[PDB]
Structures are given as structure tokens and as C-alpha cells.
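> 3D model of this:
(14 chains)
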Amino acid sequence: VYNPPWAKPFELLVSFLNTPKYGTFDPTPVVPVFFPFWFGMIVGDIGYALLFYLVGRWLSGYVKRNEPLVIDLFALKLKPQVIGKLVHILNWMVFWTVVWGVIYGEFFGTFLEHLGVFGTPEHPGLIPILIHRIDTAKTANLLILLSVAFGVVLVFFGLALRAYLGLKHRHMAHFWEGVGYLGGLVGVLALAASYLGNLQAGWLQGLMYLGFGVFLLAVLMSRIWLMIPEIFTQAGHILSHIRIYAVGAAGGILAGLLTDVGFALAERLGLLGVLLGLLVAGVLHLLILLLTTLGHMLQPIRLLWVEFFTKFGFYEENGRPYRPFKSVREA
Amino acid sequence: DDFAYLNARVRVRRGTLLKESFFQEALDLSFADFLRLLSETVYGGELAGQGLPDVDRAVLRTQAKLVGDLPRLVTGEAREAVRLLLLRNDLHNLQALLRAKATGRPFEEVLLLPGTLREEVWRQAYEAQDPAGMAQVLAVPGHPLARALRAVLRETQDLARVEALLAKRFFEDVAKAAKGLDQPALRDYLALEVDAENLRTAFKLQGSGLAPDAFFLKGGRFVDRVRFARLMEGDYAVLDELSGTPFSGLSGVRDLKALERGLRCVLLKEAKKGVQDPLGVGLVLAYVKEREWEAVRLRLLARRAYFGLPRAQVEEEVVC
Amino acid sequence: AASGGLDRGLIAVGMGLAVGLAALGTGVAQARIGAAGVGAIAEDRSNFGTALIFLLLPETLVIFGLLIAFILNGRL
Amino acid sequence: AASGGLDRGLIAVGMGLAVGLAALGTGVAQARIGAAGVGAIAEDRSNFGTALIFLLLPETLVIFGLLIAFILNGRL
Amino acid sequence: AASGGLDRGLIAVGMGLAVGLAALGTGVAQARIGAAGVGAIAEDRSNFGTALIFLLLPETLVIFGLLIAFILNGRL
Amino acid sequence: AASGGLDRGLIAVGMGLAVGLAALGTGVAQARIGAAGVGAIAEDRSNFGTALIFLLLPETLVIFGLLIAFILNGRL
Amino acid sequence: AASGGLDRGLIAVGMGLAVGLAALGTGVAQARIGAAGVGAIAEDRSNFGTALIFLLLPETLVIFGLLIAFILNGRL
Amino acid sequence: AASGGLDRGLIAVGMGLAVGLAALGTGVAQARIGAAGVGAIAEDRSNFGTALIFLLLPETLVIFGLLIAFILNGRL
Amino acid sequence: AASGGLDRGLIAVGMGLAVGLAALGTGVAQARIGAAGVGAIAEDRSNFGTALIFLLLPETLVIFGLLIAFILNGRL
Amino acid sequence: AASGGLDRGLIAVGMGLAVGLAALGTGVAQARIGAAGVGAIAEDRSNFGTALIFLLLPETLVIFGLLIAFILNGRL
Amino acid sequence: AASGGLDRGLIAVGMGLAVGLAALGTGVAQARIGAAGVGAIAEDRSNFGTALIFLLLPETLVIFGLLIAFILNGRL
Amino acid sequence: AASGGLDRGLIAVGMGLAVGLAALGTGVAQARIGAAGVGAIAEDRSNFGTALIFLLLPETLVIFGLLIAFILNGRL
Amino acid sequence: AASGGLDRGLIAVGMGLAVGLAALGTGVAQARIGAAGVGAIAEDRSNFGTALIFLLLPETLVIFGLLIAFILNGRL
Amino acid sequence: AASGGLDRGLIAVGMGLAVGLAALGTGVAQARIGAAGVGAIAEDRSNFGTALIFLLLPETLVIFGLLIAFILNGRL
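Numbering: from 1, shown residues only, chains lettered A, B, ... in the order given. The coordinates are given below.
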């Protein structure tokens, strides 16, 4: 110069939609795309998920009992203060992260309480989630398979956006590349299905495979493309979606099963006194829990970045105006 | 493992090297023949033609391609090491630039060697305003010299001190980095390099009469603070404590010139040792060192012919 | 469940290698490429997305072993 | 206690190895890269997150080992 | 797969080796070539393609394991 | 039991390896990194907090050994 | 079947190792040359036709195992 | 306890693996950091509190073995 | 061959180590010498003969197992 | 002890691995530090008492195995 | 064909170990020197006598196994 | 031993590993440290002694075992 | 060859390891030392016989295995 | 021979282990130190006498097994 939760950071992304570069669509999507799963890796219990509110309550209330904190709104610090004021947009999303995250923990405790559903107590004299059973292979299998689905969404979302890339940036080269890989897909679905149903395809839609494989290479060939080989590598990626989600579940699940050896047992067998001889360890487990969960979230975004920076909707990518995604999405 | 790739190539580069008799021949040649003789040998293939400057410039440019682009080409320990050599050329460049900047003597007035850090970096560096800024330009490539300047800056931000304390500080920095770099020959060489630098430093600054403490460079092992102190008092008997050392011809020496002569050769004999270095860089270093000693000589002998100087005038100085 | 017929032990034992070998191979694979990136990031911020993806690449190799571990149980 | 035949021991055995090999792999991956990681912090307290960001990726393997172990479990 | 019987277990054994070893072999191959690669992005910006193209050749190894393991399968 | 099933011995052999393999992976992770710091830490006393915080993530492996070990314990 | 011979197991076992071990040898062979390659094209645009033929060779090690695979287990 | 079963003999066997393997993990960890160590008398006398905690760290691995052993003879 | 005579599998197995171990050796061997070779080529068009003439030597290692296999096979 | 007991032979194996595995880890550990060592001594005999406290660490790993060998035995 | 015994089976293993371990060993022996030679060739026929004679030496290790294999086999 | 009871042969077997593994560890330990040695004579003629006595240290693991092998020697 | 032997299987096992382990060890021993031997062409004309002697040394180890094999052999 | 000769075999197995394990260790010991060895000739021709001191050392480890076989001896 001379609903509301869903609107709030997104509202700020509406402006960032509007910055142009090309007729293909611009950065913005990430924040509304993440949220259910982001929160939804967190599938804990009384001692895992359900106490993280206190921390959020130490970002809106504070602490006294060790050294120092006074107001997170006034973000005073050991390493940049400033940032803390700015990242109130994040403070909302975090307060929400825990709240919903606690909640899929409580979804989890529907199925780790109630005596008809499992052998688990409805609400016992110890604590909920008591002799744990979602671990059990068949129960577990379902939670694993739950993870798989979100990965499928992502396969579509990225390549569709490529076809839009060439569509609206006008490149036939991009168009065909993004579209062309989907020519393959029916056959891919065949091959999985013959094991997934143990049957369905792959010998049913495996005759269809014989025609599915050619359709792929038609418009890859229209660009000419000596740049054929790559298509193998694309095959690694699908599986990756599954695996990343799978861990987000499994490491999650493992975490909840660790509260058995945290709070139902960990020396002797933990009743209501040796239980609280585990509480010698119990306080500790909270802080250990804190450490790991920082680790957890980053897989999602990595996952997301696989898709984003294959230029599926994003014009920061290896530089290029707009700036590191790390910095980008937060408002 | 893997120096294999480096090693094969360098051996091919070692093929372009000259007969000893060149240097001998040169002793008696005319300038026209000087031109012919250099032009028939490897620096000569970019010889800028007739004239003494053409020779100097050719030597530089020839090293620019043969050495100057080497470090990049993967980034193992060795690659760092090559980087250090070329970085010394940078260090000078930086000093010069600093002085130019400092002395109110504009951009134009500086010209620089090949190195890891090259023209544009420099151009920016000059064009950075503040001493803080200069150090931050150095942070652009990130080097122990980078680090050295930022560290140097904390107390002071003006040329002469910055340089003095920097040089000392820098050599200390190199030493640590070098402890992390793990060619034993280079480890020994660093201590000796330290020592050599002390002997000459002590020598030039002797008759300051001062404490060893102001500029005793460190990592000495034919040297220590006391010897340094002593020499600084005028005392050549320090050189006479040399006895079974690598530096053994420096005993009986009284003058800096002769001192330097002896040193350059001592370091050269050692430098030549690394040949068929497993990790290549004994050999590459040696190839470099030899190229220097050769290079120096091309220039010497060039002057000798060019100005029609006596034989006896170079005869001393072409021998190791 | 519990005790099994002749079959179960052979597949179950043998299962561990499929997963173990690829996973181990990826970690070493990651150790050189992963190591390589860091100097590059510092210096060249622009190249960073590539580096980040480099770390990803071996990890597909693992996925197949676990997949083989699943199929063995599936008609069992 | 609960027991079976020769067969349960076999499943149990091969399960551990899956788990062991990946952990081993995790350590190696992290060690070279981790070593690589450090400089950005050393220089820069502001940059500090990147070094942290580096460490995570191999650790996913340990969890894959759990995944295969779990299916072997629950049928044990 | 399936329940009791030595044979499914015999075929299962060699299936695992095929996948684990090969998956691992591809990763190591990627690891040096990938490591060189971080420079490539610089070396030319053009050379980013070259590095990408390089990676493909080792990657065949994994696929081989899968084919032979398949050959053991399909035997019911 | 105290001279229980055939199983207990078979599994008991493999039990040590869980503790060991994880231990080995953690140790290697620790070795490179522990070395890596050393001038920077020396220099930054404040960083007595930073180092103290930095190391942790591979260490999680040891804890995993206890998780498999307890589940084993109760069937012994 | 419902039992597979000790004879069947023997032909089945070694085959995977043959392909896998050799595969590691190909991967490492490719890895050094490929890495070396990354400088080599970049400067030597001239080398590129030669290079395009030059690299190819190592994969043959796996193939030997595979021919040995062709005989071994069609009789299983 | 007593001169006891093969099964019991197997739990006695496995007592050793726990201890040997973790100990190896401790040694490798100590080795890299130890190598760095030699400098220290030169580096920083100040580090004597740092040196005192750093060398300490890998050692956790061994303790895990003694507990699992401690329970085993109590469950011989 | 199939579920039949005890010997033929038994003779067949021990044969493999010769071929596999040596094959691995060929790859590593090629990888260092090969690594040296390319730079000589890279510079020198003339070295395309030198380099070719050098490169060959390791491949014999593989062969020893295969000859031992040629006479052995068909007892099967 | 003539034909010594069934317990005695089994324990005799599993103790040995405890010492041996730990020993291999010790050796690798000692190699790195020893290589490192040589300059410091050259500089000071005087530091040697401190040095005597520094050097020590790897040797413990074997001892743990011997302890295992003693407790099992005493049974002949 | 044949229908022999155990004696043949054990000897086939050690027949493989002797050749394979040596074959690998020769290859490694060859790898460091073989890489080393190459510049000398470019320059020198005068070193051609060295190259030709020098590379040869490790290779004896393979021969011991093969002579024992010729006398053994035919009824192995 | 005799040609008699198996057990004495077993107790001797697990003894042999004690010496052999400790020896394996000694050899690696000696290789780096020994190499360091050629310089030492240079470093001081007096230091030739330091180097030699230093070189000794890993080697201890075996020696306590011969004393122990003797206290054993008779109880079989 | 000829008739089997359960006894023979026991003798055979320790025979192979001597020959094999040493063979591998000799090859590695030769590669590094061998690398010193090429270096000799640089160091001295005087040294050339030495360059050979240096290359010569390790190979004796395999042979030690072969004499122990000579007593074990004759069991064909 | 025949069964009830398995003990003569059991002592035969354990003879080998001592010899093999050490042999591998000797080769590694030799590899670094032999590589080092060339520097001594340069340093002094008298230090060739030192070079003579360098070469021997690891091989004693193998000698320990033969003496041990001897103190027992011939009960085989």
C-alpha cells in the first residue's frame, strides 16, 4: 500500500481455487479431502484416543504443573512464537482432529464393549475394551479390508484429474496419458477379483482381459510413445494405497491393543492394584503415545502427495508457482 | 565401495603428461620454440597463441576443465576432497572479492579462478551488500568456508580481521572435516600440511618477535607452539631440530625462499606417493600436485625464454 | 484353528521369508537413495519432491510378499 | 496354556522371522539416511522439521510384519 | 494353500522364495542408481528423464519370481 | 504346562530371536546417528534438549518384542 | 494330491533360490554401472547410442535358474 | 527344574538366543559411536557429561534377554 | 521327478549351490570391474575395444555349476 | 558322561550360540574402534587412564553366554 | 538311471560349497584388481604383461573342488 | 569321545563353535586394526609396541574358553 | 557314491564347512591385499616379486579343509 | 561304518566347525592387513621385517581346533 467445521479452512481455499494458471483446476482440494480418515486412523480407547482432549484443553486452557505455558493464542515460545498465532486455523483443525479421532475410537469401543458383539464387557469393574478381540484374525480382517477402500478412491481421483489436465490444458499428450491408463483397469479388476472372491474374474473376465490389455495401449500409441515401460511401475502404486491405509489401520489397531499391555495388564496380569502398578508405566505410556502419533499423520499426506505431485490438481510440484505443500494447505 | 570409475578415467588423463626432458629442454629455448613446445603439449591445445599471457591463461583454462568439474560427479568422500582443493581457489577468490568490496574498488576489478564456486556465485557475492550478506551467499553452496565466514562474522565484519581470523579458523575447520574423511594418507598429509603452513607462517612472521599464540596453526607434529615461538624469534635452530623428519632438507636453511623450495618438494614427494590409490584420490591428488608443479614450471620457463633470462635463473627452481 | 493337518505348518513357516526378504531389501535400498537426497534438499529446494518420491520406490517390492502371505491362508 | 501338534510350532516360528528381518531392515535404512539427515538441523534450527521428516519411512515395514503375524495368529 | 496335505506346502515354499528374493534384488539395484540420480535432476533438468528411464532395467527381477511362483500355483 | 506341549519348546527357541533381531536393528540405527551428531551437540549445550529428543523412533522396535513376547507368555 | 513326495519337495525347494540369488547378482552388476552411467550420458551425449546397447548384459544369471526351473517341477 | 524334557531342553536352548543376539546389537551400536569417541580428549573435555550418557544408550537390548530368561527358569 | 525315487531329488539339491553362489559372485565381480571400464569408454572411443576385452572375465564362475549339472541331470 | 543325558546334549548346543552370536558382534565392534584408536595413543600415554575407561565396552557380550552355559550345566 | 543313497546326497552339498564359495571368492578377488588394471591397458602394452599374468592368480581356489568332483561323480 | 556315546560328541560340537565364532570375531577385529598398524612404526618406533599390544585386545574371547575346556575335559 | 550312510552324513557336514568357509575367506583376503599388489607397480620395480607374494598368500586356508576332508573321504 | 558310528561322525562334525569358522575370520583379517602391507616396504626395507610380522597372525585360530582334536584324539 502507498456444516461449519468443513467450511472453515476450506472457505479460505475457495480463494486459492481462484488463482489461475491453466484451464485445468488449481490447488485447494487437500483440506476437505483429508479429514475423515485423518481423524479416522485414530480408533482408540479410554487411555489411547479419549484423553487427547486434555491436550486440546491445554491449547485453550493451558498447564502449570511443570514449568510455564500461559496462552496458545498468545503462542509464546522456545522456537518461533509467531507461527503459533498464525496456526489457529490449524488449532481448529486439531481440536476437531482429536474430537473426531476420539469418536472413531468410540466407534471402536462399540465393538470392544457390549457382551453380545464379542466376549467383551458392557462396562466392567476394570475399564472398557478389556480382553481385546478386534485383533482376532476374522474381526481384524474386516478392519484391514476397511482400509483398502480409501485407497481405491485415490486411484480414480488422480488419473481422472490427469484426463482433466489434458482436457483443460488442452494437451492431448496429457489427456491420453491420464485416460489411457484406465483402459487397462477393467483387466486389473479382473485379476484381483479371481482371488478376492476367489472367483469372479481372471478366468471369467480374464477372457475380457485379453481385450482389455490392447485398449490401454491404443492412445499411448497415439502419442507414439517409446515411453511404454512405465506402466509396470504404475502397478506398484495401487498396492501402495492399500498398504499405507493398511498401516494407518494396523499401527492404529496395534496401538489400541497396546493399551491391553498398558492398562489391563503389564506386570502381574493387572487387576485394580497391580493394574495401578502398571500406572507406574501408565503415565509414561501417554507420552510415548504422543511421540508416535506425530509420525502417523504424515503417511496420509505422503500418500496424498503421490497423487498431487503426479500433477493431479496441483501446480506446486517440484517448484512451479505456488509453493511447498507443507506451507500451502494450512489456511 | 567404488572409486573404479574415477580411477580409470584419471589414468587416461595421466596419459597427456609430459617428459621430464621438456622442462630440461625449455632451459635453453627461445620464445618461439617455447610457444611451439607448449602448444605440442596438453595445456597447449588451448594456448591463446603468441605471447606470455597466452601461456598463463592456457594453464588456468586447461586446469579449469581437467580438475575444475571433477568434484561433482558423484559425492562420496573423495568427491568432497576434490571439492576442498577447488574450494581453496574459491577461498582466495572470496578474499580478493572481500578486499575489492572493502577498499571501494568495484566489481570490475576482480577476476577469479575456477572452483566449486564459480562466477555467478561470486557475482552475487560481490553484489551482496553486507558482510552478513556475503556469508549468506556462501551459505548458498554450503561449505566449511561458508561456516567459517558466518562464525567469523559474529565478532567483526570488516576485511582484514575477517580474513586473518578466518584463515586460521578455516584451517581448523578443514582439519575436523578431514578427520571425518578417511584416507590415512590425507590424514597424515593434513597434519603435515598444517606443519608446512606453520613453518612458512612462522618464517614470514618471524621478526615480529611475538608469541606463537597469535597465529600458531594447529595439528603440528614436527611443530608445536614452542618451536613456532622460537622461529618467530629468528631461530633457524628450530629447523635444525629437523632430523629424520620428512622436512629434513629444511635443516641448514636460513631464508624463506630456500625454505619454500624445500617444502614444496617435500610435500610433492609425499603427494606423489598416493599413486594407484585405491580410492583414487591419492592418485588424483598427486595428478593435481604434479600438474601444479609442472604448471608452475611452464610459466617459469616461459618467462625465462620470453624475457631472455639466464638458464641459471630457473635451473634452481625447476628441480624437485 | 488350534492343531492342524500336515499342511499348515509348511506354508506358515515359509510365509515369513516372502515378507521378510523384500522388506529388508527395501530398507537397504532406501538407505543409499535416502542418504543421497539430503545434500540435494538443502541446496536445491526445487528438486525435493523427487527426492521424497525416491524414498517411496523400493517399497512396492514388499507389498507382493504380504500378498503371497494372504493367498496361502485363503483356501486354507 | 493352549497347544496343538508339530504344526503350531511351525507357524509360530516363521512368523517371528518376518517380523525380525524387517526391524533389522528398518535400522539399516534409518542409519545411513539418518546420518545424512543431520546437517540441516546443525546449521538450521528453523529447517529442523525436514530432518525429522526424513526418519519415518522404513518403520512401515515393522507393521507389515505385524500384519502377516496377525493372520497367522487368530487361527493359532 | 488348502488344509492338510504335504504337497500344497511343498509348492508354497518355492513360491515365497521367488517373490522375496527378487523384490529385494530390484531394490538394491534401484539403490545405487537412484543414489547417483539426485545429481541428475541438476545435471541437466533434461536428465531427470534419463534417470527415470535408467531405473526400469533391474525392476524385471521381481516379476520373474511371480511367474515361477504362479507356475507352482494353478495345480489344483 | 511345565512340561507341556511339543509346541512350547519349538516356539521357545524362536522367542530369543524376536528380542535379538529388533535389538540388532535398533543398535545399528543408534550407531550411525550417535556418531553423527558429535561436534554439533558438543557446541550446542542448549541442544542437550535437541539431541535428547532427536534419537527415538527406531527404539520402538524393542517394545514390539515385548508385545509378541507377552502374547506368547500366556500360552506357555 | 494329498501328500507330495520328499522327492517332490527337493525339486521344488532349490529352484527359487536359483533365480533369486542370481537376481541379486544381476541387480548389483546393474547398480554400479547404472550409477556410473548417470554421469556418463550427462556429459557424453556422444556415448548415448553406444550406451543404449552397452548396459544390457547382467540379467542372464537369472535365466540359468529358469531353464533349470523348466526341467524341475512339471513332474510335481 | 531337574534334568528334564527335550521340550524343556528347547526352552533352555532358546534362553541363550535371546541373550546372544541382543548383545550383538549392543556391540555394533557401541562400535560406531566408540570410533567417534577417540577424538573426544581433543574435542571437548566439556562433553564429559555427554560422553557419560551417549556411550550408555545401546545397552538396553541385553536387559530384555535376562528378564525373558528370568521368567523361563521360573517356568522350567 | 514327481513323487518317486528317493535319490534323484537328493543328488539334485547339492548341485545348486555351485551354480547359485558362483552366479552371485559373477555379478559382484562384474560390478567393480565394469564400474572402472565405463569411464575409460566414456572418454575414449578407442577404449570400446579395451573395455570389451576386459569386461568378460567373471562369467566363468556360473559355468562350473552348470557343467556339474549337465552330467548330473537326467538321473531325474 | 558316557552317553550323557538327553537334557545335557540339548542344553550344550543352545548355550553356545549365546556366547558365539554376541562374540561376532563384539568383533565387528572392536574392529571399528581399534582402527580409530591409533592417533590418540600416539598423542598421549597420559590420557591412558581415561582411555582405559573409554575403550572397554564390547567385551561384555560373550560373558552373557558363559553365564548361560554355567546355569544349564551342573547336570552331568 | 540310478537309485542310490545318503552318501551321494551329503557329498553333493560339500561339492557345491567348495566350488561355490571359492567361485564367489575368486570373483571378489578379481573385482578389486580387475577394476584396477584398466587404465594401464589404455596406456600400455608394457603393462599388458602385468595385466595378463596378474589377473590370473586367485583362480586356483575353484580347481581343488572340481578335481574332487570329477573322481566322485558318475555314481553321484 | 570313544566310538561310543553320542552325547560327548555333541558337547564337543557346541564347544567347537565357542572357539570358532570367537575366532571369526577376532579375525575381523584384527583386519581393520592390523591395517592401522603399518603407520604405527612410522608414528613412533616406540609406538610400534603400543600398536602391537592394542592389536591383541579382541583376541581374549577364545582364551578363557581353553581354560574352561580343560575344566570340562574329563566330565564326558 | 554307492550305498548310503547315516554316519556318513554326520562326517560329511563338518568336512564341507572347512573347505567352503576358507574358500570364501581366501577370495576376500585376496581382493583387498591384491589391490595392494597392483599398487606395487607404482611403488617399486624392486617390489615386483613381492607384488606376486602378496597376491599369493591366503589360498592355504581351503587346503587345510581338504586334508581334514582326506581323512573324512574314502567314504565314497 | 553303519549306525552306532554316528558318534565318530559327531566328533567329526565339530572338528570342522572350529576350522571353518576361524578360516573365514582369517581371510578377512588378511584382507585389510595385506592391503596395508605395501606401505611398510616404502617406510623401511627393515619394515619389510615388520611386513613379515604383519602376515601371519589370524591363522593360529585354525591351529586351536587341531590341538583340541589332539588332546582328545583318536577315540575317533
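> do I have it right that residue A:34 meets residue A:300?
Yes: using CB atoms under 8 Å, residue A:34 is in contact with residue A:300, at 6.5 Å. Every C-beta, even on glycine, is put in place using the N, C-alpha and C of the backbone.
> now do the helices in chain A.
Here chain A has its helices, by DSSP state H, at A:4-17, A:30-40, A:52-56, A:81-86, A:88-108, A:137-168, A:172-180, A:182-196, A:206-220, A:231-257, A:260-263, A:279-296, A:298-308, A:325-328.
> ditto for the stretch 1-150 of chain B
Ranges of helices in the stretch 1-150 of chain B, per DSSP state H, counting those that start in this stretch, are B:4-13, B:21-25, B:31-39, B:52-66, B:77-102, B:119-127, B:131-139, B:144-153.
> mind putting those in JSON lines, mean neighbour count and distance to residue B:181 included?
JSON lines is the format used below for the helices of the stretch 1-150 of chain B (neighbours: other CB atoms under 10 Å in any protein chain shown; distance: least, CB to CB, whole Å):
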{"stretch": "helix B:4-13", "mean neighbour count": "26", "distance to residue B:181": "15"}
{"stretch": "helix B:21-25", "mean neighbour count": "14", "distance to residue B:181": "33"}
{"stretch": "helix B:31-39", "mean neighbour count": "18", "distance to residue B:181": "36"}
{"stretch": "helix B:52-66", "mean neighbour count": "18", "distance to residue B:181": "23"}
{"stretch": "helix B:77-102", "mean neighbour count": "19", "distance to residue B:181": "5"}
{"stretch": "helix B:119-127", "mean neighbour count": "16", "distance to residue B:181": "24"}
{"stretch": "helix B:131-139", "mean neighbour count": "19", "distance to residue B:181": "21"}
{"stretch": "helix B:144-153", "mean neighbour count": "21", "distance to residue B:181": "12"}
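> chain M is nearest to which of the ones you listed?
Shortest distance between chain M and those, using CB to the nearest CB, is found for helix B:4-13: 10.4 Å.
> now do the contacts for residue A:231.
Contact analysis of residue A:231 by CB atoms under 8 Å, 6 or more residues apart in numbering or on different chains lists A:181, A:184, A:216.
> whatever residue of chain C ends up closest to chain A is in what secondary structure piece?
Residue of chain C nearest chain A, by CB to the nearest CB: residue C:60 (3.1 Å). Using DSSP states H and E, residue C:60 falls within helix C:60-73.
> now that helix against helix A:231-257, angle please.
70 degrees (axes from the mean of the first three to the mean of the last three CA atoms, to 10 degrees).
> related to what we said a few turns ago, take the helices of the stretch 1-150 of chain B and write them to a markdown table, including distance to chain M.
A markdown table is the format used below for these (distance: least, CB to the nearest CB, whole Å):
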| stretch | distance to chain M |
| --- | --- |
| helix B:4-13 | 10 |
| helix B:21-25 | 20 |
| helix B:31-39 | 28 |
| helix B:52-66 | 21 |
| helix B:77-102 | 16 |
| helix B:119-127 | 37 |
| helix B:131-139 | 38 |
| helix B:144-153 | 31 |
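> could I get these as CSV with distance to residue H:25?
Listed next are the helices of the stretch 1-150 of chain B as CSV, based on distance: least, CB to CB, whole Å:
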stretch, distance to residue H:25
helix B:4-13, 33
helix B:21-25, 59
helix B:31-39, 62
helix B:52-66, 48
helix B:77-102, 27
helix B:119-127, 46
helix B:131-139, 39
helix B:144-153, 34
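> can you count the residues close to the residue of chain C closest to chain A?
Using other CB atoms under 10 Å in any protein chain shown, the number of residues around residue C:60 comes to 24.
> wouldn't it be in contact with residue A:234 here?
No: contact criterion CB under 8 Å: residue C:60 and residue A:234 do not qualify, at 10.3 Å.
> one step back: residue E:70: which of the helices of chain A is closest?
helix A:182-196 (11.4 Å; CB to CB).
> not counting its own residues, what contacts that closest one?
A:159, A:163, A:199-206, A:208-209, A:212-213, A:215-219, A:231, A:238, C:71, C:74.
> report the buried residues of that helix.
Within helix A:182-196, the residues that qualify as buried are A:182, A:183, A:184, A:185, A:186, A:187, A:188, A:189, A:190, A:191, A:193, A:194, counting by 16 or more other CB atoms under 10 Å in any protein chain shown.
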